[PDB]
Amino acid sequence: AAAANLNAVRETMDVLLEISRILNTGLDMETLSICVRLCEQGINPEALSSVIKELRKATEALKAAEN
Amino acid sequence: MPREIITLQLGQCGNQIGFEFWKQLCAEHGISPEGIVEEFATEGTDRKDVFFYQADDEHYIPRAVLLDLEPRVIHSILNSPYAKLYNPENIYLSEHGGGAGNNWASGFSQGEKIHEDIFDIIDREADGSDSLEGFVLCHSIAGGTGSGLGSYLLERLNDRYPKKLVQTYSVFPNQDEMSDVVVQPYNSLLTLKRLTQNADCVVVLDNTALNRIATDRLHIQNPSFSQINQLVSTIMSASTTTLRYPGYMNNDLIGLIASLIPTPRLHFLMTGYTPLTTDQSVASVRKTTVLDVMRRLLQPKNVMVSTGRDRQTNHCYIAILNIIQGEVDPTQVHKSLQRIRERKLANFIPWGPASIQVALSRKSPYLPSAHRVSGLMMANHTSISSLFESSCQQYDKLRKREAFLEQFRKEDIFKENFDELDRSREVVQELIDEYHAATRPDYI
Amino acid sequence: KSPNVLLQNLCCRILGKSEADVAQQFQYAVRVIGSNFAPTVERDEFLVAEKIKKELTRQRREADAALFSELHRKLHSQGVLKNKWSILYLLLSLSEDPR
Numbered sequence: 010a011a012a013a014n015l016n017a018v019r020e021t022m023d024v025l026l027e028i029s030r031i032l033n034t035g036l037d038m039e040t041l042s043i044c045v046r047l048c049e050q051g052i053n054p055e056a057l058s059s060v061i062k063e064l065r066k067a068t069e070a071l072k073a074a075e076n
Numbered sequence: 001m002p003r004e005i006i007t008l009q010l011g012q013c014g015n016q017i018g019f020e021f022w023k024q025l026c027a028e029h030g031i032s033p034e035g036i037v038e039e040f041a042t043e044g045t046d047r048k049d050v051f052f053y054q055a056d057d058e059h060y061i062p063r064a065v066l067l068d069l070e071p072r073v074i075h076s077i078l079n080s081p082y083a084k085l086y087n088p089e090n091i092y093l094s095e096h097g098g099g100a101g102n103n104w105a106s107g108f109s110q111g112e113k114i115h116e117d118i119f120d121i122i123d124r125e126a127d128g129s130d131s132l133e134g135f136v137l138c139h140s141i142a143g144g145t146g147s148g149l150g151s152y153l154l155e156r157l158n159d160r161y162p163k164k165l166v167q168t169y170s171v172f173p174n175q176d177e178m179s180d181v182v183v184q185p186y187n188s189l190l191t192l193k194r195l196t197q198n199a200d201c202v203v204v205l206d207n208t209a210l211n212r213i214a215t216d217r218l219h220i221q222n223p224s225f226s227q228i229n230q231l232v233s234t235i236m237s238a239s240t241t242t243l244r245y246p247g248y249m250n251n252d253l254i255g256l257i258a259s260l261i262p263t264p265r266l267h268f269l270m271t272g273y274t275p276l277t278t279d280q281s282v283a284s285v286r287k288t289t290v291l292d293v294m295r296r297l298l299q300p301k302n303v304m305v306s307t308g309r310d311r312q313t314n315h316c317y318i319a320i321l322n323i324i325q326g327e328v329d330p331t332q333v334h335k336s337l338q339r340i341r342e343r344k345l346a347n348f349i350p351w352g353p354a355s356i357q358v359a360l361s362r363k364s365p366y367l368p369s370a371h372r373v374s375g376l377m378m379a380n381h382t383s384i385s386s387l388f389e390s391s392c393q394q395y396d397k398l399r400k401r402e403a404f405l406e407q408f409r410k411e412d413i414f415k416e417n418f419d420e421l422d423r424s425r426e427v428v429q430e431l432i433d434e435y436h437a438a439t440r441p442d443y444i
Numbered sequence: 007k008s009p010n011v012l013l014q015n016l017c018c019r020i021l022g023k024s025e026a027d028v029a030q031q032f033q034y035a036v037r038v039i040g041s042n043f044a045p046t047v048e049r050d051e052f053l054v055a056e057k058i059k060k061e062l063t064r065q066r067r068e069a070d071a072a073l074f075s076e077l078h079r080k081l082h083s084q085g086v087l088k089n090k091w092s093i094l095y096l097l098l099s100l101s102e103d104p105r
């Protein structure tokens, strides 16, 4: 029972990773796993994605200012 | 005293075998399909208490529990004429008609998940039977419920009744025919393991042999699963003819098991019918001698077991029991034993007790016999070691090539690896080696 | 506390400086993050497939939507991820922002 649920969850995680790769979403594995747990527990994916994009753009801007 | 047997039907093939056996028992005991005893069987010599459980309606109801995870076989059993013959309370039908998916691991999971319902029906049948002797599990070795649920039912019957004989009418898969389930090899191995471990004795009913025997001996072109179930029902009625009609020898399942199984573990039995011919094959004024019957039964065209004709495994009968239905002269039986011994009509295992018994018993009066001498052969032969080796090799081929391994590994029995299938193939290989030893002088 | 931890981790990992270093950036992220306590998406699962197909077509892919369609069936085995409407929204937004 629990083993079957764990196998289903691991298959779901692998399928989500495959879907992200096919969509070229460019989301890391740790980031995807944290966002998956956050969305299951209850959080706005749009807000989380906006914050992640803001952090990525801040990193790119910091690299540009370094250059 | 009556000795009721709890007929547990698992899978489609098992449900067909159980329903056909119940119909044959009702016909031989003269119990109508409604269970109201047929008018001709009120004074019948059939030990209806012995074979069938007496319900509140006095219906000659065999203690049969039909437990299947697919609703098709359950509906067909409930739609048979004998629906009122058996007790409805002993039939547990899983509303999830998805079955075990031809996976023995999934079948065992289904049997354990319906263990409360199925074990409830088994215990109800045991309490409803005065001297319930054990359980007979009719299932298919290649199916999921038949193999897996068959293993689960055999284990459950052994655990609830460790002192009760666990007989299995396991439909062995076609080792020479490409099974439609690539995991059917693993399912067959698991059913064989169930027969060896959670079942006290396994009668391998190889569907390939059923088709071959029906086509060649009975001239039945392409025997269907329905045909195999009907043949199983006829063979069961022949074996229970002495059960309904009280004879002088082999009056119980334990006695037959003892006379046919010199090794407690090596109780896997191959099947044969004699004379093997269609009912339209009327033996023209042919007085079937007991020796002639022995020769015809020993003829491979009359054996109902798909034992690989493996020249490596020296097939020999560990024990040979000839169940004769009809008017058979006991002096002719003794002459048959002498003639069969002289002509070597039957080859016996070199490492098992020589058991050639000639017992005269009556058939069920409600069961009409077209042949004055009808013969059912239950022989422990090392050719079953050939069939077991074929099944084990198929199981190894499925496990090693991951054939239908998605279905096999989807169940908890094989969740970590194909451990259930591997242990099943190991048990089948051990049984095959022991059976070949039994035909060899070195088994003891 | 979990959303605050997630935002701080994203700032400290994705960005070279944490969001607490510049409280203006942190204040802006809090202002744009706190809008509603519920996801903003319709109950139509087909819109997720539509966004996957649109991402494939924009990415010069005409057969990649079948991957998401097949993944849906395998991911529905658990059938307990009922709050993933926003998850599909975020995935589509991520796939369309870089594409």
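Just so you know, the protein sequences line up as chains A, B and C, in that order. All residue numbers for the first sequence refer to full-length UniProt numbering, where the first residue is 10 and numbers rise by one. All residue numbers for the second sequence refer to full-length UniProt numbering, where the first residue is 1 and numbers rise by one. All residue numbers for the third sequence refer to full-length UniProt numbering, where the first residue is 7 and numbers rise by one. All residues carry an ideal CB built from backbone N, CA and C; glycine is no exception.
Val-232 (chain B): first and last residue of the uninterrupted alpha helix (DSSP H) it sits in
Translated into the one-based positions of the second sequence, residue 232 (chain B) becomes position 232. First-last of the alpha helix (DSSP H) with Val-232 (chain B): 225 to 239.
Which residues, taken in chain order from the segment 29 to 53 of chain A, show a beta carbon closer than 9 Å to some beta carbon of chain B?
none
Given that residue 2 (chain A) touches chain C, what residues does it touch there, using C-beta distances under 8 Å?
No answer is possible for residue 2 (chain A): the residues shown for chain A start at 10 and end at 76.
With a floor of 4 residues, list each alpha helix (DSSP H) that falls wholly inside the UniProt domain "Tubulin/FtsZ 2-layer sandwich" (249 to 393) of chain B, ordered by position along the chain.
253 to 260, 290 to 298 and 330 to 343
Return helix, strand or coil for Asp-68 (chain B), following the three-state DSSP convention.
By 1-based counting over the second sequence, the position of residue 68 (chain B) is 68. In this structure, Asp-68 (chain B) counts as strand in the three-state DSSP scheme.
Is there at least one Cβ from chain E nearer than 8 Å to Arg-65 (chain A)'s Cβ?
This model lacks chain E altogether, as its protein chains are A, B and C.
Using the Cβ count rule (16 or more neighbours within 10 Å means buried), how would you classify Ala-209 (chain B)?
The sequence position of residue 209 (chain B) within the second sequence is 209, counting from 1. It is buried - the Cβ of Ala-209 (chain B) has at least 16 other Cβ atoms within 10 Å.
Span separating the alpha-carbon of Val-47 (chain C) from that of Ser-92 (chain C)
Position 41 of the third sequence, counting from 1, holds the residue named residue 47 (chain C). Position 86 of the third sequence, counting from 1, holds the residue named residue 92 (chain C). Each residue's Cα considered, the two are about 6 Å apart.
By the three-class DSSP mapping on this structure, what secondary structure does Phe-32 (chain C) have?
Your numbering for residue 32 (chain C) matches position 26 in the third sequence. Reduced to three states, the DSSP call for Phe-32 (chain C) is helix.
Beta-carbon separation of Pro-54 (chain A) and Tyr-95 (chain C) under 8 Å?
For this step, residue 54 (chain A) is matched to residue 45 along the first sequence. For this step, residue 95 (chain C) is matched to residue 89 along the third sequence. Contact flag set, yes.
Coarse secondary structure for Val-50 (chain B), derived from DSSP in three states:
Numbered from its first residue, the second sequence carries residue 50 (chain B) at position 50. Helix at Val-50 (chain B).
What are the boundary residues of the beta strand (DSSP E) that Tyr-169 (chain B) is part of?
On the second sequence, residue 169 (chain B) is found 169 positions in, with the first residue counted as 1. Segment 165 to 171, the beta strand (DSSP E) holding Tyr-169 (chain B).
Can you give me the start and stop residues for the beta strand (DSSP E) that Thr-196 (chain B) sits inside?
Against the second sequence, residue 196 (chain B) aligns to sequence position 196. From DSSP, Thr-196 (chain B) is part of no beta strand (DSSP E) but of the alpha helix (DSSP H) over 184 to 197.
Let me check understanding here. Comparing Cα to Cα, which of A:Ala-11, A:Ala-10 and A:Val-18 lies closest to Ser-83 (chain C)?
Numbered from its first residue, the third sequence carries residue 83 (chain C) at position 77. Taking only the C-alpha atoms, the option nearest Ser-83 (chain C) is A:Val-18.
As a quick exercise: from B:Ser-179, B:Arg-47 and B:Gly-101, pick the residue whose alpha carbon is nearest that of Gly-11 (chain B).
By one-based count along the second sequence, residue 11 (chain B) stands at place 11. Of the listed residues, the one whose Cα sits closest to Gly-11 (chain B) is B:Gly-101.
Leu-8 (chain B) in three-state terms, based on DSSP
Translated into the one-based positions of the second sequence, residue 8 (chain B) becomes position 8. It is a strand residue.
Terminal residues of the continuous alpha helix (DSSP H) containing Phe-119 (chain B)?
Locating residue 119 (chain B) in the second sequence gives position 119, where the first residue counts as 1. From DSSP, the alpha helix (DSSP H) with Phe-119 (chain B) extends over 115 to 128.
Check for me: the beta strand (DSSP E) holding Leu-137 (chain B) runs from which residue to which?
Within the second sequence, numbered from 1, the residue matching residue 137 (chain B) stands at position 137. Segment 134 to 140, the beta strand (DSSP E) holding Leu-137 (chain B).
Skipping 5 residues on each side, what residues in its chain have a beta carbon closer than 7 Å to that of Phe-74 (chain C)?
Position 68 of the third sequence, counting from 1, holds the residue named residue 74 (chain C). For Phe-74 (chain C), where only same-chain residues beyond five positions count, the Cβ hits under 7 Å are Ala-55 and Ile-58.
Identity of the residue in B:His-59, B:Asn-103 and B:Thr-263 nearest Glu-434 (chain B) by Cα:
For the purposes of this step, residue 434 (chain B) is identified with residue 434 of the second sequence, where counting begins at 1. It is B:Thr-263 whose Cα lies nearest to the Cα of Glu-434 (chain B).
Taking only heavy atoms of the ligand SAH into account, decide whether any of them is closer than 7 Å to the Cβ of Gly-40 (chain C).
Ligands in the displayed structure: none, and consequently the ligand SAH is not present.
Does the count of Cβ pairs from the segment 93 to 109 of chain B and the segment 140 to 159 of chain B closer than 8 Å reach three?
yes
According to DSSP, is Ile-61 (chain B) part of a helix, a strand, or is it coil?
Along the second sequence, read from residue 1 onward, the residue named residue 61 (chain B) stands at position 61. Correct three-state label for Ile-61 (chain B): strand.
Verify the CB distance criterion: does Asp-117 (chain B) have a CB-CB separation below 8 Å to chain A?
Residue numbering aside, residue 117 (chain B) sits at position 117 when the second sequence is read from its first letter. No, its Cβ sits nowhere closer than 8 Å to a Cβ of chain A.
Members of the segment 400 to 418 of chain B that neighbour chain A once the beta carbon cut-off is set at 7 Å
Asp-412 and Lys-415
Spell out whether any CB of chain B is found under 8 Å from the CB atom of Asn-16 (chain A).
On the first sequence, position 7 is the one that residue 16 (chain A) refers to. Closer than 8 Å to some Cβ of chain B, the Cβ of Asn-16 (chain A) qualifies, so yes.
Distance CB(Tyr-245 (chain B))-CB(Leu-398 (chain B)) smaller than 8 Å
As a first step, residue 245 (chain B) must be located in the second sequence, where it is residue number 245. As a first step, residue 398 (chain B) must be located in the second sequence, where it is residue number 398. Going by C-beta atoms, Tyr-245 (chain B) is not nearer than 8 Å to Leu-398 (chain B).
If we define contact as Cβ-Cβ less than 8 Å, is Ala-56 (chain A) a contact residue for chain C?
As a working mapping, residue 56 (chain A) is identified with position 47 in the first sequence. Yes, its Cβ sits closer than 8 Å to a Cβ of chain C.
Please report the distance separating the alpha-carbon of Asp-422 (chain B) from that of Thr-382 (chain B).
For the purposes of this step, residue 422 (chain B) is identified with residue 422 of the second sequence, where counting begins at 1. For the purposes of this step, residue 382 (chain B) is identified with residue 382 of the second sequence, where counting begins at 1. Going by the C-alpha atoms only, they are around 22 Å apart.
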